[PDB]
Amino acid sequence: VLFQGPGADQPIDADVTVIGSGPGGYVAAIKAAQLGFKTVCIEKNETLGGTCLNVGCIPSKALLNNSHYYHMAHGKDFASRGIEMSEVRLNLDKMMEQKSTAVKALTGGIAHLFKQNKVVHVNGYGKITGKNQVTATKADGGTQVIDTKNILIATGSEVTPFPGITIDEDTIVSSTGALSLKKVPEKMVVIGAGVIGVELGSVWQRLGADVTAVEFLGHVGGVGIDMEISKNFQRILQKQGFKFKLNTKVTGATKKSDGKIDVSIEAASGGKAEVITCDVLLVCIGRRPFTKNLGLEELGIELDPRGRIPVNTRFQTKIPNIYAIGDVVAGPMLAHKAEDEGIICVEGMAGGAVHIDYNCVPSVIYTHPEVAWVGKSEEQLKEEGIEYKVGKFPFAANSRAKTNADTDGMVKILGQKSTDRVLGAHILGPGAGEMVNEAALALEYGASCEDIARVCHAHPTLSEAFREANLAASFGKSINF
């Protein structure tokens, strides 16, 4: 009953039918059921959890965590602490095994949650075949009809192809292939210095690869990142041995007879042609919304120029009982963003108000040092004509950072001059990912820099750097710098 796979083709009735089981979809489904809706979730893949769990957040963070420790052991760090070891060697198969084990546990967990919450799991490819009907096509060619009051589209995203370069997940890989390489490549080129590219590039660099990232734009870290932070982040990555060719376009790539790959590059403006060679080519220039064979055209739901499904503030499409959330709509393509849209969408179905402020959605980069931010950047505030003041504190002056001998980076706070209201928080260094959530909480209340400065932060913690940066923004000076 709760699983409808091949062979199960009796028509189903539902209040809410969710197409896709990624962060957006599976949370939306669970919450809908918790709200009392008779809920169905359709997923075409063999496991639940979507991009994030299966080929995304989870496997990438696993390799980042493991490769960092490998670097700590293989390099100078452990030695400096009195931990002496004759021969540190990499066992990639074992490392990959740890990653796969985490993915499997968490995928299995979602299935248990569906079952615990009485969510009907339909395994097949969903297509909307009426304003109140979805048809699922299963692996054996069977079909199953779901008559449903509301439809929630959460069909997610796919890798953006590069014209003339064919991804084969052999020597020319996407992020998916890069997460499962069978050996450390001697030399790797990364097309795209966004978050995904920097993370995967750093991983293989740690494990011994000679890595170069090529980026068309003039900075690293994707859209919205504060420029000062991005520049400082880059300089740090470069000192680690991570090379960058910014303001550069790739004109093509050729797989040679000897197995290597020749990448042809040029200045983005034009000029200065040259070729660079590698063993593995990682193509990650972006991701785009996925809606293939969903039945949108027949319904008359037109996509925007970038392939997104247009929705209103209640996440309704142009057909009022059909909704869309997550990577398939506008906004930051992030897991927690998809999740929050899913929750409030179904809360709206149940009659509640629906509001989300994308300015309060944090971004994190899980390199070492980490990068994290929430709210506005300096570029944004200038663009919007907002008058602000700046507070900074370096981690070199933080007691927990100094003690751990892990002291790259800084916290930067942006406050409004008139009211001292916190407008943006930008963290480069250890613990950025956890710390930005303290800032997100502050933004929710419209807290001041003084507010945070006067909160008793535990000593010694990395969070004290956040306290001190706010104090500097508010009072003009910190205590410890």
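Numbering starts at 1 and runs along the sequence shown.
*Asks:* Look over 367-375 and 96-104 in the entry and identify the one with the greater average Cα temperature factor.
*Replies:* The recorded data point to 96-104.
*Asks:* Determine, for stretches 47-55 and 29-37, which one has the higher mean CA B-factor as deposited.
*Replies:* The stretch with the larger average C-alpha B-factor is 29-37.
*Asks:* Whose C-alpha has the highest temperature factor in the PDB entry: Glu158, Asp226, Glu384, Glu199?
*Replies:* In the PDB entry, the greatest C-alpha B-factor among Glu158, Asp226, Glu384, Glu199 is found at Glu384.
*Asks:* Please work out which residue in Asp327, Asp357, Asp408, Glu341 has the highest C-alpha B-factor recorded for this crystal structure.
*Replies:* Most elevated C-alpha B-factor of the set, per the entry: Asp357.
*Asks:* Based on the deposited C-alpha B factors for this chain, I'd like to know if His121 is in the lowest, middle or highest third.
*Replies:* According to the entry, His121 has a C-alpha B-factor in the chain's middle third.
*Asks:* According to the PDB entry, is the CA B factor of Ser399 in the bottom, middle or top third of its chain, that is, lowest, middle or highest?
*Replies:* It belongs to the lowest third of the chain when residues are ordered by C-alpha B-factor.
*Asks:* Would you check the entry's CA temperature factor for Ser463 and let me know if it's in the chain's lowest, middle or highest third?
*Replies:* Lowest third.
*Asks:* Ranking the modelled residues of this chain by C-alpha B-factor as given in the entry, is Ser418 in the lowest, middle or highest third?
*Replies:* Highest third.
*Asks:* Going by what the PDB entry lists, where does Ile12 fall on CA B-factor within its chain: lowest, middle or highest third?
*Replies:* It falls in the top third of the chain.
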